[PDB]
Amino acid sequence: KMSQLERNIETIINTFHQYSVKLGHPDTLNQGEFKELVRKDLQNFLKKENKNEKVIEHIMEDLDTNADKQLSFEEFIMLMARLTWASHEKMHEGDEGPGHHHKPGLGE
């Protein structure tokens, strides 16, 4: 069976596919599809950014390393890594120790 990590990656892949799918075949996210994913599935992690549509569009532009106005999964997964990193940084914001402890992460 799948590990916890494999299931988390599966959720990322399927969420990407739910907005990119075109006529039942896998595709890429255009700007409109990216905004819908961010608006719904990242409504908490990107709560403040979602209030400024221009900010969301520039995140798309920054991730669009292929310069084709489209996010392949390879382009998109960099946002997933950045948000995972950002959430962990939020858990340790201003940490003084001792020991290891996680405060609430992004969107909390």
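For clarity, a rigid core is taken as the largest C-alpha set superposing within 1.5 Å between two forms. Numbering starts at 1 and runs along the sequence shown.
Rigid core superposition in 6 other deposited structures of this protein puts the Cα atoms of one stretch, out of 32 to 40 and 75 to 83, farther from the shown form on average, and that stretch is 75 to 83.
Taking 7 to 15 and 21 to 29 in turn, the stretch whose Cα atoms are more displaced from the shown form in 6 other deposited structures of this protein following rigid core superposition is 21 to 29. Per the PDB record, of the two stretches 77 to 85 and 26 to 34, 26 to 34 carries the greater mean B-factor over its C-alpha atoms. For the two regions 10 to 18 and 86 to 94, the entry's Cα B-factors average higher over 86 to 94.
Compared with the other modelled residues of the chain, the Cα B-factor recorded for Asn44 ranks in the middle third. Ranked by C-alpha B-factor against the other modelled residues of its chain, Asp68 falls in the middle third.
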